[PDB]
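One structure below.
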């Protein structure tokens, strides 16, 4: 379901902040 | 399930044309 | 569902080795 | 010659809240002020006070009040 | 009321009619993390081009 | 006490071409059948959230859904243009997916209300054998009211201007200093602003100026004439 | 008052070779069996949306679908 | 040896407009209708884990959930403003999704307690034939208490 | 501090549109909204002085 | 247009705002047709007030139905109903009051 | 109009705050119409206090149902309950043994 | 009120904290109405102590039920259980006394 | 719900999911109310302390 | 134009605004006009019947 | 042939609930009159309509009548009570 891909997308977005900044 | 992942992949491949060229 | 995303993640990790050396 | 800016005001948040007979964009001149408040269920007597400037005797406004019931009968 | 500019408009239509509009008000970062990876790669390739000059 | 229960209930359909059916008395050879779902209250979705690792849940919101109304019509097979076939054709012609028919219900206890209705699925008839050879056929209706309530006519109250409040625009700064314009105050009392179980959003119809604007309008240019 | 219901309904198949079958009279030994599904009206997908918190739904589309006919034939 | 079982149990509903229904005696023409689910205990989610290869499981938590309360009410069809239609509308007026009604239980063995109750689904009567022509009708109630305890 | 003024393309029959002088559009997320789903993000400022050069 | 009126309470003197229902048989008044439409009136803060057309009307309230002739003037509603309402069931306080009277008085000097 | 009161306790002398219930039949009092509405009253910290209109009233308390006559001036509730059970309307003017010799008592204010 | 007491233990000499139930029939005593509320008392470390109003009370414990008369001064609960009456005394005389005393309080000399 | 991650010699992250009716979620939302605008968290457990700033 | 002096003209104004709402409803469900053009921008045709 | 009425509730307000008009199939003044059951709605409690002379069926909720319509113009109550 779309929601399961959306949940894992949101976790990867919060872990990408280890590696990037504005 | 694997069909929905294949659809999500085709949408990202299209949006990546904003940010890429040969 | 989560196991299918995990299988596809493992296959992408094996294919990324074409493009990377640690 | 266009109709004057005679208007329908509709308080409902789903629709364009002010519309003119002319098709003039009078709702854009509201500066994002909105009508916000409904008449609650089972509301009896209410007094509505309007004010007008620039009008002449013989012009009328109207107040229009829908009647929508959850059921085909009962609920009075 | 929070005000700023419409930065992205998406439209979608299917054989069941319109899906409507996706509107972004203000400057949101790409929702798919991979599109944020491509956005950083575009920035590098432009910098890497001027460093070669 | 001893009593026959014979209700006053009258059910009528007005179709998308303005043709009418009495589903109670069946003067068009059509009657409402013994299965109805989706009269009375419309469906509601109620949403709750977990309050963290604590007892119970918290209310968020609720929403009225579309009214999915499921019913049958019994169609009597008589002679000439009163055949089942002709009546089932006449019945099908009353309904649309795009245009609202309206279902009217009348009682002595509440008067008259109507529901605006459309097809959600195509009408069905069971065809175990040729329906032209059957003495009655039931057609199944799956219908939607996307505006889910029951309507009376909308009440209109007139509000009359009685003082001339016209003024000269030309002496004024822009925009006009509304604290020093001439003003009339109009009061209207409504005895029953909302009898119903639902919230009511009022509407107003307001008269614009009776006096001609200060400048003509040129399509393709901004009209600078507003201040005067 | 008193009547026999005896319709004049004729059902025929013309095949892909121009061969004909009368399924009412069975002069070729074949009759339409009881229980037919898919004559009369074709199936339709009505599309509605229920977004936000306003009461009810919006109509978006309706499409006439592929008609499926399920039937049987009695072969003597 | 020999007894009638006749308990003093009183069930009352206090509506969102402060109207009252006695659901034991039906002086407003309404009675509680046989099968009730949810009066006597709130649902609980007990969480356990079974990781690795130990025998058994480890407890992590338990939480009291919102309580679903499913019941019906028998509405008698009498004359004048005491028809089924007047009673089922008066009954409907006592209930809300947004405001809380109170369901009051009194028993001599333990006194008076009440539950704060909301609609969860719209009340429904089956309509095999016109409800007004039936001599009684059952309105089905699906009700929620998000605060799941019985208060003094 | 003055009372709001409008561009003269308003008042004109059949016009619709935004000029930056006078925004009008509000998407209300209050009851009876009509919007299908939403995400609002607020991001704080993350940097007090800038260093440049090389 | 005759105003029929009453003040309506429960046993504690608090207002009762349960609806009162007015209707008629079909008949003609001053040339217009009067229909059987049930007019439902709320008491407002316990005050009931309704415009009715003269002649026959039906009043309904809870279990009760009463028939009234709306008089051509401005009457109070209990006066039209009263003949059709059963008297409150006789209870004994007047007997006990008499029996506890009939003193032989105390008159202490302190 | 008229106030009826009681102090209401359990066998341990602590307050009992269960509801009393008050109603009447449809009738006219001081001009007004009095309806059949069942009014529910909770004692507060053990004090029961209710405004009641004069004349006939019904009092329900658990299993019990007393028919009472509200006096024209303020009173204790238990005197009205006691009157209702001790003197049925058929009491035949038995005159109470001079109210049991009046209990041989009286006092001025 | 009067304090009524017992020491409560199991056959092994450990204290037994299961609840005792106290109630009465509806009556007036002093200025107050006493209600049919069932009041549940835990023994504390096996000491049962409860303050009761004098006169008729009902004691319940497990399967057993007893009609005690509470005396005017402090007493052991077992002496009242051993002397418990077969069936409740009537209030017929008390209801007449209350009705007269009420009507007298409604209009003094 | 909540989550936090400690990484050796690298930036860990944390998140909190919260109801909007919570008095602290209303305080995070109202930037009008915080004269000193940054928001910091501490998670304390078994002598360990995760601390960080809202992105 | 409608007569603002009488209720019949307030009804005509209402019915004019309700007609404009209906045209906006029909325009929101209408698909875009799609056209295909060649390398020198000549029109090939309008596309209708895409999935 | 013109018929009129004013229609009210017991409180003298308009009753705009629909009346119903129909006939048997017949010819009057060279026009065929069909069995179609026309719903007619009072406006501000007034109703006015044209009817062909001779028999007409009138209905209002459960009330049914068979009026006989004259050449001259007339009030609907006077026609209804003549049944």
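Please note: Cβ atoms are built from the backbone with ideal geometry, for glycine as well, and neighbour counts cover all protein chains shown. Each reported figure results from applying straightforward, stated rules to the coordinates on display, with no laboratory input.
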Q) under 15 Å from residue O:56 (Cβ atoms) and either buried (at least 18 other Cβ atoms within 10 Å of the Cβ) or at the interface with chain J (Cβ under 9 Å from one of its Cβ atoms) (or both): does that describe residue O:11? A) no
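One line per residue, one yes/no per condition, for (1) in contact with a helix residue (DSSP H, G or I) (Cβ under 6 Å, 6 or more places away or on another chain); (2) in contact (Cβ under 8 Å) with a residue 40 or more places away in the chain; (3) in a loop (DSSP other than H, G, I, E, B):
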{"position": "J:11", "(1), (2), (3)": "no, no, yes"}
{"position": "J:17", "(1), (2), (3)": "no, no, yes"}
{"position": "J:66", "(1), (2), (3)": "yes, no, no"}
{"position": "J:73", "(1), (2), (3)": "no, yes, yes"}
Q | Neighbours by Cβ (under 8 Å, 6+ apart or cross-chain): first from the range O:28-41, more than 14 Å from chain F (Cβ to nearest Cβ); second not in a loop (DSSP other than H, G, I, E, B) | A | O:28/O:54; O:32/O:26; O:33/O:26; O:33/O:27
(Q) Looking at D:72, D:40, D:3, can you tell me which residue is exposed (fewer than 15 other Cβ atoms within 10 Å of the Cβ) and either touching a strand residue (DSSP E or B) at 6+ places or on another chain (Cβ under 9 Å) or within 14 Å of chain H (Cβ to nearest Cβ) (or both)? (A) D:40
Q: Please report, ordered by residue number, the strands (runs of 3 or more DSSP E) entirely within the range G:1-55 with at least 1 residues that are within 30 Å of residue F:43 (Cβ to Cβ).
A: G:44-49
Q.
Testing residue H:35 on (1) under 14 Å from the mean Cα position of the chain (by Cα); (2) within 14 Å of chain D (Cβ to nearest Cβ), one condition comes back false. Which one is that?
A. (2)
Q: Could you give me the residue pairs with C-beta distances under 6 Å whose first residue belongs to the range B:4-22 and is facing chain E (nearest Cβ under 10 Å) and without any contact (Cβ under 8 Å) to a residue 40 or more places away in the chain, whose second residue is assigned to a loop (DSSP other than H, G, I, E, B) and surrounded by 10 or more Cβ atoms within 10 Å (Cβ to Cβ) wherever it lies, and which are 6+ apart or on separate chains?
A: B:12/E:32
Q) Do we find that residue K:82 is in contact with a helix residue (DSSP H, G or I) (Cβ under 9 Å, 6 or more places away or on another chain), buried (at least 22 other Cβ atoms within 10 Å of the Cβ), without any contact (Cβ under 8 Å) to a residue 40 or more places away in the chain and more than 12 Å from chain L (Cβ to nearest Cβ) in this structure? A) no
Q. Can you name the condition, by its number, that residue J:96 falls short on among (1) within 8 Å of chain K (Cβ to nearest Cβ); (2) surrounded by 19 or more Cβ atoms within 10 Å (Cβ to Cβ); (3) out of contact with any helix residue (DSSP H, G or I) (no Cβ under 9 Å at 6 or more places or on another chain)?
A. (3)
Q: Can you give me the number of residues within the range M:9-38 that are at the interface with another protein chain (Cβ under 8 Å from one of its Cβ atoms), closer than 15 Å to residue I:44 by Cα and under 11 Å from the mean Cα position of the chain (by Cα)?
A: 1
Q: Return the only residue of F:202, F:213 being surrounded by 14 or more Cβ atoms within 10 Å (Cβ to Cβ), within 25 Å of residue N:5 (Cβ to Cβ) and within 14 Å of chain I (Cβ to nearest Cβ).
A: F:213
Q: Filter the range K:44-71 down to the residues that are closer than 25 Å to residue H:12 by Cβ and not in a strand (DSSP E or B), then identify the one that is farthest from the other protein chains (Cβ to nearest Cβ).
A: K:45
Q: Scan the range M:8-55 for residues that are touching a strand residue (DSSP E or B) at 6+ places or on another chain (Cβ under 8 Å) and within 21 Å of residue A:17 (Cα to Cα) and report the count.
A: 18
**Q.** Residue check, residue N:6 within 22 Å of residue F:203 (Cβ to Cβ), at the interface with chain F (Cβ under 10 Å from one of its Cβ atoms) and either surrounded by 14 or more Cβ atoms within 10 Å (Cβ to Cβ) or in contact with a strand residue (DSSP E or B) (Cβ under 9 Å, 6 or more places away or on another chain) (or both)
**A.** yes
Q) Is it true that residue L:108 is within 30 Å of residue J:94 (Cα to Cα), away from every other protein chain (no Cβ under 13 Å) and either part of a helix (DSSP H, G or I) or free of Cβ contacts under 8 Å to residues at least 40 places away in the same chain (or both)? A) no
(Q) Scan the range O:51-62 and tell me whether some residue there is more than 8 Å from every other protein chain (Cβ to nearest Cβ), free of Cβ contacts under 8 Å to residues at least 60 places away in the same chain, exposed (fewer than 15 other Cβ atoms within 10 Å of the Cβ) and not in a strand (DSSP E or B). (A) yes
Q.
Looking only at the range D:6-37, count every residue that is within 25 Å of residue F:169 (Cα to Cα), touching a helix residue (DSSP H, G or I) at 6+ places or on another chain (Cβ under 9 Å) and more than 7 Å from every other protein chain (Cβ to nearest Cβ) and tell me the total.
A. 2
(Q) So residue F:89 passes all but one of these: (1) free of Cβ contacts under 8 Å to residues at least 24 places away in the same chain; (2) over 30 Å from residue H:120 (Cα atoms); (3) assigned to a loop (DSSP other than H, G, I, E, B). Which condition number does it fail? (A) (3)
**Q.** Failed item, numbered, when residue M:52 is tested on (1) surrounded by 10 or more Cβ atoms within 10 Å (Cβ to Cβ); (2) outside any strand (DSSP E or B)
**A.** (2)
Q) Would you pick out the residues in the range G:38-65 that are under 30 Å from residue F:198 (Cβ atoms) and away from chain E (no Cβ under 14 Å)? A) G:53, G:54, G:55, G:56
Q: Return yes or no: is residue F:215 part of a loop (DSSP other than H, G, I, E, B) and in contact with a strand residue (DSSP E or B) (Cβ under 7 Å, 6 or more places away or on another chain)?
A: no
Q.
Exactly one condition in (1) in contact with a strand residue (DSSP E or B) (Cβ under 8 Å, 6 or more places away or on another chain); (2) not in a strand (DSSP E or B) is false for residue D:14; which is it?
A. (1)
Q: Write out, first by first residue and then by second, each pair whose Cβ atoms fall under 6 Å of each other, whose residues are 6+ apart or on separate chains, and whose first residue, in the range N:9-37, is within 19 Å of residue E:15 (Cβ to Cβ) while the second is surrounded by 10 or more Cβ atoms within 10 Å (Cβ to Cβ).
A: N:31/E:13; N:34/N:47
Q.
Can you tell me which residue is surrounded by the fewest Cβ atoms within 10 Å (Cβ to Cβ) among those in the range H:77-95 that are out of contact with any helix residue (DSSP H, G or I) (no Cβ under 7 Å at 6 or more places or on another chain) and more than 9 Å from every other protein chain (Cβ to nearest Cβ)?
A. H:94
Q | Per-region count, the range K:72-81, residues assigned to a helix (DSSP H, G or I) and out of contact with any strand residue (DSSP E or B) (no Cβ under 8 Å at 6 or more places or on another chain) | A | 1
Q. Do we find a residue being touching a residue at least 40 places away in the same chain (Cβ under 8 Å), in a loop (DSSP other than H, G, I, E, B) and surrounded by 17 or more Cβ atoms within 10 Å (Cβ to Cβ) anywhere in the range J:49-60?
A. yes
